[PDB]
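Only one structure is covered here, and it is reproduced in the block below.
What follows draws every value from the coordinates through simple rules; no lab data is involved. As a convention, Cβ positions derive from the backbone with ideal geometry for all residues, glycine included, and neighbour counts pool all protein chains shown.
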Amino acid sequence: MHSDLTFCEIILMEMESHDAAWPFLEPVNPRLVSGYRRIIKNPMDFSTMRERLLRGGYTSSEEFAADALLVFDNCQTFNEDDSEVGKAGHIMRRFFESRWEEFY
Ligand SMILES: Cn1cc(CCn2cnc(-c3cnn(C)c3)c2-c2ccc(C#N)cc2)cn1
């Protein structure tokens, strides 16, 4: 478990600092984005994961991964694949998948 929870910190810090992470650093502010409140049932972003991971609220490495994939599904649900946010999210999702397999 400790080996697992350590890899998540390596992964999230690399995601937090990735060039394409700029759409995921703080929660989407629905005041600024038409339709986001209606379309996305369960928001998630890197800061929410970082709080939860610090406070220690990830039982398993698979709970963490679930939160990561929820970020990118929300992104694909709300943003077109050729939008600025969309393009960035594909890079981040492919980065997460590629590096997550580098341990599991
Ligand atoms: C925090 N805020 C900023 C905005 C306006 C810009 N904007 C429009 N669309 C998105 C968006 C939609 N989906 N995703 C994953 C991001 C954003 C945006 C840009 C950067 C961040 C950060 N960090 C968060 C959101 C709205 N909220």
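Restricting attention to region 36-46, does a residue exist that is more than 12 Å from the ligand (Cβ to nearest atom), touching a residue at least 12 places away in the same chain (Cβ under 8 Å) and not aliphatic (A, V, I, L, M)?
Yes, region 36-46 contains at least one residue that is more than 12 Å from the ligand (Cβ to nearest atom), touching a residue at least 12 places away in the same chain (Cβ under 8 Å) and not aliphatic (A, V, I, L, M).
Of all residues in region 67-101, which are assigned to a helix (DSSP H, G or I), loosely packed, with under 13 Cβ neighbours inside 10 Å and more than 9 Å from the ligand (Cβ to nearest atom)?
Once the filter is applied, which keeps residues that are assigned to a helix (DSSP H, G or I), loosely packed, with under 13 Cβ neighbours inside 10 Å and more than 9 Å from the ligand (Cβ to nearest atom), region 67-101 yields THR77, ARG94, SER98, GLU101.
Within region 60-86, being under 17 Å from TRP100 (Cα atoms) and of a type outside the set (A, V, I, L, M, F, W, C) holds for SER60, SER61, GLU62, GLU63, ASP67, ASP73.
Scanning region 28-46 for residues being under 17 Å from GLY89 (Cα atoms) and among the charged types (D, E, K, R) gives a total of 1. Scanning region 5-24 for residues that are closer than 18 Å to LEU69 by Cβ and within 13 Å of the ligand (Cβ to nearest atom) gives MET15, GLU16, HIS18, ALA20, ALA21, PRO23, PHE24. For region 86-104, the tally of residues that are more than 15 Å from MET15 (Cα to Cα) and under 16 Å from the mean Cα position of the chain (by Cα) stands at 2.
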